[PDB]
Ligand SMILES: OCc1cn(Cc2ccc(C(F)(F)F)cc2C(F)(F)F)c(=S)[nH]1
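Just one chain is shown here, as structure tokens, and it is the form deposited without the named molecule.
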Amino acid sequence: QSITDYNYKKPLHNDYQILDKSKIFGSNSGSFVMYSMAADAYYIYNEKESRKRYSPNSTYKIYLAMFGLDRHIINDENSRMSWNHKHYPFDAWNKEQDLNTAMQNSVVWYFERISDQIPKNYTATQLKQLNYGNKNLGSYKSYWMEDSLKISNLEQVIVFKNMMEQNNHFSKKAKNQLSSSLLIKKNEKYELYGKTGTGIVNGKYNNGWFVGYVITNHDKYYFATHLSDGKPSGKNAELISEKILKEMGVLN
């Protein structure tokens, strides 16, 4: 909308290190950002591109889940939602869901059902308090899917880290329930948490994301990969994230 809606310009008041992950990105274009809790420092590949704001797509379901927990639309004893009986192209969508199943399978109707129960003034208050990208709700429909709401790769890390780590009005059990829903991988060395996001425009991928965090025995790292061209899917952004986190020593 405004002159500032496509770009995040706020200086990092933080130690930062510039990375060169161009070989892993290959023919794809985009950025990678990681923050380390113990180091209090940002590691950035393609810093200019990390500040360009893009639709978050399904990565915003992180925030819809938090808001649905905070408003008690879903809880710990019940996060179940019955299927309304409409046929979707994937059978994982064609049944009852809980937060865990819906997050894992990016089941759109679950999160759309949550968003419809949340009043616009709450969301606006939340995006303001969280500094969530351009904060632009537009028509307030599926405003996070190739629509008015945009956020940069750098802000994806900053905002997620601050939401989880600051003592805010989001309770600790809601944060824990969100985390369980986002867990992808756990072994002796680490726990990897995250959420893909994929934008499709005219049958073509236009926008790929993977936003999350890693807990090791020694540190906690928030990260995000955004793809803007080449093959910009969430699945590709996830693959790129894993190669970079592994090269950086985060996964061992």
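Residue indices: 1-based, along the sequence shown.
There is also a form deposited with the named molecule bound; it is not shown, and the following applies to it.
Engineer: Can you check 131-139, 102-110, 158-166, 74-82 and let me know which stretch has heavy atoms within 4.5 Å of the named molecule in the entry with it bound?
Structural biologist: Every other range fails; the passing one is 102-110.
Engineer: Look up in the entry with it bound whether residue 58 has a non-hydrogen atom within 4.5 angstroms of the named molecule, and give yes or no.
Structural biologist: Yes, residue 58 sits close enough to the named molecule in the entry with it bound that at least one of its heavy atoms falls within 4.5 Å.
Engineer: Taking the shortest heavy atom distance, is residue 93 within 4.5 Å of the named molecule in the entry with it bound?
Structural biologist: Taking the distances in the entry with it bound, the answer for residue 93 is yes, it comes within 4.5 Å of the named molecule.
Engineer: Does the named molecule get within 4.5 angstroms of any non-hydrogen atom of residue 196 in the entry with it bound?
Structural biologist: Contact with the named molecule, yes.
Engineer: Give a yes or no for residue 10: in the entry with it bound, does one of its heavy atoms lie within 4.5 Å of a heavy atom belonging to the named molecule?
Structural biologist: No - in the entry with it bound, heavy atoms of residue 10 and the named molecule never come within 4.5 Å of each other.
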